[PDB]
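Undergrad: Below is the structure, and that's it, no one-letter string:
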């Protein structure tokens with residue numbers, strides 16, 4: 001599972017559950033090409049998915065939305081990457 005590039009940002013599709021919601025939700029890691037050595041910011045989205053495969057496809061769409069929203073809207077997320 002190689003990372004896919006997006007607007008110059010790398011995406012790491014995957015799935016993981018948080019103990020805060022004890023549920024499975026789109027979990028992916030984004031790394032910037034200019035400075036990927038910076039702490040990664042896990043991507044998440046308000047929703048739940050029983051299937052891990054569904055989380056992988058959603059994580060890719062969420063990562064793009066979070067990266068795009070971060071540059072436009074100040075949702076404070078990839079601030080460490082820039």
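TA: Nice, thanks for sending it over. Residues are numbered from 1 along each chain as shown.
Undergrad: switch to C-alpha atoms for all contacts and neighbour counts from now on
TA: Fine.
Undergrad: Which residue lies nearest the spatial centre of the chain?
TA: residue 43 (2.6 Å; C-alpha atoms, centre = their mean).
Undergrad: right, and it touches residue 16 too?
TA: No. Using C-alpha atoms under 8 Å, residue 43 is not in contact with residue 16; the gap is 10.6 Å.
Undergrad: Find residues that contact each of those two.
TA: Common contacts of residue 43 and residue 16 (C-alpha atoms under 8 Å, 6 or more residues apart in numbering): 26, 27.
Undergrad: just to revisit the earlier point, contacting residues around the residue nearest to the centre of the chain?
TA: Residue 43 is in contact with 26, 27, 28, 29, 30, 59, 62, 63, 66, counting by C-alpha under 8 Å, 6+ apart.
Undergrad: Got phi/psi on the fourth one?
TA: As for residue 29, its main-chain torsions (degrees, to the nearest 10) stand at phi -110, psi 130.
Undergrad: Kindly provide the distance from it to residue 67.
TA: Distance, residue 29 to residue 67, by C-alpha to C-alpha, to the nearest Å: 11 Å.
Undergrad: now swap in the second one and tell me
TA: Here residue 27 is placed at a distance of 14 Å from residue 67 (C-alpha to C-alpha).
Undergrad: okay, these two: which has more neighbours?
TA: Higher neighbour count among residue 27 and residue 67: residue 27, with 23 against 20, using other C-alpha atoms under 10 Å.
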